[PDB]
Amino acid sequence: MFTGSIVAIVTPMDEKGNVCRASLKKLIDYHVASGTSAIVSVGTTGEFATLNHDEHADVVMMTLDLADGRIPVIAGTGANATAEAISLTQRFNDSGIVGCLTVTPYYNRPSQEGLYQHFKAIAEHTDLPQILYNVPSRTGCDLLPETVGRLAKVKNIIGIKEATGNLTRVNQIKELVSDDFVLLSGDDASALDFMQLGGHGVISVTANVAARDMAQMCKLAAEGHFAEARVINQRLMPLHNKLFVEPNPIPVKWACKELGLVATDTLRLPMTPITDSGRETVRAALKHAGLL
């Protein structure tokens, strides 16, 4: 499923930084009960940077096993080296995932032509649908609409998670791609705006703790009921912002612990524990959203 509210799920960890199966099960059951459309496993929010390839694959497989066919799983498969991305993609072929979320290479700042070649090569070596992920604030590069239009001609490149927060991108990309290419926000604070302009859903951090309100917001938006959706959005807005008061996923993991959805808020270095001021800010945002 590549529309509506899609959660970029946390990778819950025990105190040693290893994946907590019991906590993940609780999250997945929560998303199944709450109407989330799909689960992005080991995206940014899932700490892809700090899991090695084997651990990363283990988390995706554990998420599929636990989902048990009740909700679709999309795997994070991005890398900044094209061979690495291909390799990681092969590990998931015939796994049961419905598609992959593949980020623009980070740190090395490839050209637009390099991005085209990167993603083209990855798509060539799988039959899985691929969702491109643009987030320049993290990567140092910006996959522009022109290049997205070029890539959308590749049969299995089927959408984009656009995390610039620059809402002009929605219709710049839309006019260059076919009607069935999926435009998904990757920026919760501007996501409703993104859907109002023509976007098809959101790959959401906020969905980790407000799954039902997110799912209803995105449905109302898809039906054109923007004023109604905006009422929900306004109650979620402090959380959309304050989940970034310290680096993601530090706040959202604390929030999930505070609601009882995960056993511990542990992360891997260089992510560090939430500050006391951050706990206070995040808690106030949860209360504004009606969640505590």
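Heads up: residue numbers just count along the shown sequence, starting at 1.
For the segment pair 75-83 and 197-205, the entry gives 75-83 the higher mean B-factor, averaged over Cα atoms. In this entry, the higher average B-factor at the C-alpha atoms falls on 92-100, of the pair 92-100 and 216-224.
Note on the listed residues 26, 240, 253, 230: the highest Cα temperature factor in the record is that of 26. Between the residues 153, 161, 118, 138, it is 153 that shows the highest Cα B-factor in the PDB record. The deposited CA B-factor of residue 123 belongs to the middle third of values across its chain. When the CA B factors of the chain's modelled residues are split into thirds, the value for residue 211 lands in the lowest one. In the deposited entry, the Cα temperature factor of residue 31 sits in the bottom third of values across the chain's modelled residues. Ranked against the other modelled residues of its chain, the C-alpha B-factor of residue 284 as given in the entry falls in the highest third. Residue 38: CA B factor lies in the lowest third for its chain, per the PDB record.
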